[PDB]
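In what follows, a single structure is set out as structure tokens and then discussed.
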Amino acid sequence: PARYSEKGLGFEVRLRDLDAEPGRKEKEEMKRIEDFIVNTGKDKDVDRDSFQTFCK
DNA sequence: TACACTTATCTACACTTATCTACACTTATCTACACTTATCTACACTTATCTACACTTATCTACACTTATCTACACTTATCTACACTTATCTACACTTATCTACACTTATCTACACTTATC
């Protein structure tokens, strides 16, 4: 995720419209979806592929 | 420069104060858990936006009449050439003043020599 990467390089989950401002729950849902992608799943599990392994 | 006396700088040594480590108690920070409010989705009603259709006004074309623009023609005035007379410009010639060279006298500049003061 770019969110945690100070150089901004990575991926992000975003609202579609550039003009919208995200609601209080939407900002958290977007962070959850990012985390889900990183973990490739709901829970953390070292036995599962990371997103890096998936992409490779 | 050379020489002597005393003061300032530097080293060595002992005592107490400041800095640092180790140990115990309570407060601040963090996690876990339950309740209620704010955010979001789904659904129904009326208002605003958009399309289609008819009527009259503004825009555009076509046509005739007179005014302004343009050409052609004649008369006098301004511009240009040619010609004669006197004034300004230029050359040639003589006289005196300013510039330049040569010559003598005294003053300023430079060298040499002795005594004391500053520097060492």
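D by Stokes-Einstein for chain A, Kirkwood Rh over Cα pairs, 25 °C, 0.890 mPa s: 195 µm²/s.
Under 5 Å between amide hydrogens, built in the peptide plane, is the criterion, and for residue A:40 it picks out A:51 among residues at least 5 positions away or on other chains.
Provide the gained length on full extension for the span residue A:7 to residue A:26, in nm with one decimal, where the gain is 0.36 nm per separating residue minus the Cα-Cα distance.
Fully extending the segment from residue A:7 to residue A:26 adds 4.4 nm.
Quick note: the coordinates plus some simple rules give every number you see, no bench work behind them.
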